[PDB]
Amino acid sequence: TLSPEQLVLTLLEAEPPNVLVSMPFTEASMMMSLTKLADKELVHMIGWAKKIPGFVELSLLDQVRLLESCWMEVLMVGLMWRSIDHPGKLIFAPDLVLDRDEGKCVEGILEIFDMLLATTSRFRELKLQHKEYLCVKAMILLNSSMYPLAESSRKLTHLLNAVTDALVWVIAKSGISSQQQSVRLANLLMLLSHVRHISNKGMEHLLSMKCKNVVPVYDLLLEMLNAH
């Protein structure tokens, strides 16, 4: 056991490096930029997970299944956080900032953009804090959603409980009423559940784009996509 403040500071220092992706958009080139970006981020995501304390003490199978299960949710919550103070824009990366209307370039993606933007808008209205963001991204990894994946399982429960306790502690510092602290926690958790659903949609869409030969999918992103 770390303190909740020690835990949150470990999550801060775990944060991955930022990545850059690098003609006007076609369906093809937009998906190329987005898939290129996702693949680079995935590399850093594994290193990030390894810095979440306890994560590397889990069985390797659990480590693998946790990342196969949550990687798209983690990409998406990162995106929402980068975008939180810019209504109508998705800040995918520096030099890849997309207006809502640019979803019209890719078949099916505008529905997903709007869901990502609406979720980002709820985080903005909630005034999601830096400390809360760190906790929720870690909770997503550690299977707050409880997707069905003894010692590794017991450890995992401990780790998720610790990050939940830290989020509760962060919320308590806000000084708002106990009733409002409970409602805030429920709202954040129901938002995580929504991100899971957007992730399922995203996965579907990417598998469709791959199938229709709209975009090639290589390497780590291919590996992670092959698991769904």
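Start at 1 and count along the sequence shown; that's the residue number.
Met23 is a gap in at least a third of the other entries compared, counting only those with both neighbours built. Annotation: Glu151 belongs to the positions left without coordinates in at least a third of the other compared entries, with flanking residues modelled. The entry models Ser22 and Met23 with a gap of 1 to 3 deposited residues left without coordinates. According to the entry, the stretch of the deposited sequence that connects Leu79 to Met80 contains no residue lacking coordinates, so the chain runs unbroken between them. Sort the modelled residues of the chain by CA B factor and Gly202 lands in the middle third.
Remark: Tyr147 belongs to the highest third of its chain, ranked by C-alpha B-factor as recorded.
For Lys173, the recorded CA temperature factor ranks within the highest third of the chain's modelled residues. In the PDB entry, a CA B factor belonging to the middle third of its chain's modelled residues is recorded for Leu160. When the modelled residues of the chain are ordered by their C-alpha B factor, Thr26 lands in the highest third.
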